[PDB]
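# Geometric and topological summary
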Amino acid sequence: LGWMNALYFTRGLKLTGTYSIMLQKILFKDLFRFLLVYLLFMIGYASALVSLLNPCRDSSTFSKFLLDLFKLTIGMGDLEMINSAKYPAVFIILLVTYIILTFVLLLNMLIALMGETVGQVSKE
Amino acid sequence: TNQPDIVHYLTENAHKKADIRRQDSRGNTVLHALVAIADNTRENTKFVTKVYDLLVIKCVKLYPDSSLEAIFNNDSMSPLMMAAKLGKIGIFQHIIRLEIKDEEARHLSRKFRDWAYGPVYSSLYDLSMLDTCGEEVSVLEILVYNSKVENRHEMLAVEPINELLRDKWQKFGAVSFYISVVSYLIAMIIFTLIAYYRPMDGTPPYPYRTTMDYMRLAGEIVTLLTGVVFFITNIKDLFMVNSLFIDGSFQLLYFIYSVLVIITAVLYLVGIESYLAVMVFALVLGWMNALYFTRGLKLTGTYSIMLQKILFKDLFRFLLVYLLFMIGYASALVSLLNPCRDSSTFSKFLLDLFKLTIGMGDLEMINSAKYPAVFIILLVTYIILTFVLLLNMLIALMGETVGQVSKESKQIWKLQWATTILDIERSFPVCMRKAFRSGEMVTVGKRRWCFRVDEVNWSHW
Amino acid sequence: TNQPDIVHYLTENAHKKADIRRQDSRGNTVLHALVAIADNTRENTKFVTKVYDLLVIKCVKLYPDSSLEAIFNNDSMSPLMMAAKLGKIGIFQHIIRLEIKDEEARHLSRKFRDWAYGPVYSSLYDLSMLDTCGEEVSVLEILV
């Protein structure tokens, strides 16, 4: 990436202001918020499921909960503990609502951009 | 008729005079007809202000005991109270800016001049009807709760009300917001005590005779009912986004919190012990829903505020058009089963139907290898049905952010800022109402609860 | 008070004159109060530029040794330095465009005229406080 990050050096120098400059501050602002609201949710839900384990459980299980939890968001489907065949009617409705949680946070990016490029962007 | 010459003749007469105080069958006096014929044009706002000054001074000179503004209607409405109903601006801005230079009729003037130390003028407006403390109904209440005129955005932009709304916002804004943060934290700590204290045997529900288990039984009364009230009222509000405190993205996320609670309440009453996954799931969102509390308070209106009402409007329509389609197509396929079929098949149709939209591919009845040429063309058209409903979101946003958003986003934001602060005002009792009441007593003439307004002027000397 | 007539009476007087260089408890002179009352309206940007020209020429004619702009505050702020703090434009654009046609008070004028070869004029602005090389703080630094 670092040698390919040098491809932004070839522009030169910019003095004429565009409208996309103020847009990329909010792009950098909320995507970093989007990553932290992701990772604190994945850690928090994995730490939640260890609290369900009342019998002994093992401290090495938390590494197995967080490993299987990351793969569901990508879609690898190569899991170790969570069997979707065990509880089918609950695994779907948590996964459907997980799509709805993520799809609105993507639309919060676009509305924050569309609600910005109309009134005050012509002056600011 | 814009004719004061008959008004000179009717009031003074050697034969018989004309009573100014006389009402009609509608209980309206001479001033209320001037409000009814008032229009917001250039010419009609001119002479009505001339007649309104002419009649009241003549009413005081003939009758010093009473004022013509004091007489109400059959609906108990003053001429200032009536102008908010019909939404008339020119007669409204003249009654508020009422400074009569006739010293016999001084005691009913509305605008005053306290002191002038050169460049600084100290005007003074009365709050006699603007903030009714212990009276029936106010001017400002009918500006918000009753007036359906389009001109209410301009009518709130008059001089004292732009500063009167900033009075009670600086006293009831941060106080009412901080209670809303704490009262959400109370509902969270109750739900934490429910989740971590379950006995978790595998067979729900549970015996409730134990007093230390009767305590957490009360927690299901508090937590579930709060999700029920937020679920039903928003559907009623849909058929019939207060981003001042918390932005409108929270109302959708707290709705998803409200959906997962009532689903959880079903699952341990059916008898399936897998309720524990969803119950702790919403616990993770609820503490992470507190991250919208860190913004503080918003007063400058953006353009994305009106956008998030339609975002909340159609995504809830997008979920209902999803779920009624999935149930309807599953209930359709049971009707194909003419031989015996079993009532437990409908649970298997709906289970395999949900997995195709996600893409799990772990099915039980529907074999795509059986009918390949039909399963594809139903699935291809299912993509086309869903892809256009996604584009109906974006066109409803792109078709909104062009023409009227430059005005309307600085109208409803001013309107909702006035709407919510009066709903906070109705929440307090009559005892605490007199505590933080704005305005002061300034003894003028031969004492009233008026409001102090500062000015800066360099031209008038 | 937009009244130079008392200003004619206070400065010249057979009984006792009025010191223009006198500060206050905030260390502000007569010019700093004009910056504080300055507003960006049409009327208020007019007469403050008339008084600002009137006082400095009267300060040079009574006292040729020092300028009234040289006296700083408790925060070491000139009237040009103060107008950037409160964000006042009309008093700012007049101190920068300062060309005094009184030849006794010429040596503190800000705008100059170098040469005029017909259509081309050669103006000249001083960088005495705009780019402080080895001084405490600049105009442009407080602007940012």
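Parameters at a glance
- Residues numbered from 1 in each chain as written, not as in the entry; some residues may be left out.
- Chains lettered and ligands numbered in written order.
- Part of a larger assembly, values for the part shown.
- Heavy atoms only, no water.
- Residues with missing side-chain atoms left out of burial classes, pairs and counts.
- Helix = DSSP H or I, 4+ residues; strand = E, 2+ residues; numbered from the N terminus.
- Buried < 20%, exposed > 50% of the residue type's maximum accessible area, 1.4 Å probe, protein only.
- Polar contact = N/O pair within 3.5 Å; in protein donor to acceptor, adjacent residues only side chain to side chain.
- Contact = heavy atoms within 4.5 Å.
- Pairing = 2+ DSSP bridges.
- Axes fitted to C-alpha atoms, helices over the stretch in contact; angles between N-to-C directions.
- Buried area = accessible area lost by both parts, 1.4 Å probe.
- Salt bridge = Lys/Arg side-chain N within 4 Å of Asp/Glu carboxyl O.
- Nonpolar A, V, L, I, M, F, W, Y, C, P; charged D, E, K, R; others polar.

- cryo-EM is the method the PDB entry lists for this structure, together with a resolution of 3.8 Å.

- Going by the PDB entry, chain B carries the name Transient receptor potential cation channel, subfamily V, member 4 and comes from Xenopus tropicalis.
- Here the PDB entry's recorded title is "Xenopus Tropicalis TRPV4".

- As recorded in the PDB entry, chain A goes by Transient receptor potential cation channel, subfamily V, member 4 and comes from Xenopus tropicalis.

### Topic: unusual backbone geometry
- A cis amide bond links B:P204 to the next residue, B:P205, at an omega of 0°.
- Structurally, B:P205 can be placed in the loop between α8 (159-195) and α9 (211-239).

### Here's the deal with the side chain of B:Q251
Residue and element names in this part refer to chain B.
- Considering the arrangement of structural elements, one finds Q251 in helix α10 (residues 249-270).
- Classification of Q251 by relative accessible area gives buried; the value is 17%.
- Among the polar contacts made by the side chain of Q251, one reaches the side chain of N234 at a distance of 3.5 Å.
- Those residues in contact with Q251 that lie beyond four places of it in its chain are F230, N234, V241 and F312.

### Focus: the side chain of B:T49
Residue and element names in this part refer to chain B.
- Secondary-structure assignment places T49 in helix α3 (residues 44-62).
- A polar contact is formed between the side chain of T49 and the backbone oxygen of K46, at a distance of 2.5 Å.
- Excluding anything up to four places from it in sequence, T49 contacts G90 and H94.

### Notes on the sheet that holds strand β1 (residues 111-117) of chain B
Residue and element names in this part refer to chain B.
- Strand order in this open sheet of four strands is β1-β2-β4-β3, and the pairing throughout is antiparallel. Only two strands of the sheet have a single neighbouring strand rather than two, namely β1 and β3 (440-442). Sheet twist, expressed as the average angle between the axes of neighbouring strands with direction ignored, equals 45°.
- Relative to strand β4 (residues 448-456), strand β2 (residues 120-126) runs antiparallel, the two sharing seven bridges.

### Quick word on the interface of chain A and chain B
- Counting residues at the interface gives 35 residues for chain A and 37 residues for chain B.
- Here chain A and chain B share an interface that buries about 3200 Å² over both sides, 88% of which is from carbon and sulfur atoms.
- By the criterion of area lost to chain B, the three top residues of chain A are A:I92, A:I111 and A:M114, representing 18% of everything that side buries.
- Taken together, the links from chain A to chain B amount to zero salt bridges.
- Among the secondary structure elements, those contributing two or more residues to the side of chain A that touches chain B are α1 (20-52) and α3 (88-114) of chain A.
- Broken down by element, the side of chain A that touches chain B gets its largest block of residues, 20 residues, from α3(A).
- Of the residues in the side of chain A that touches chain B, the class split is 26 nonpolar, nine polar and no charged.

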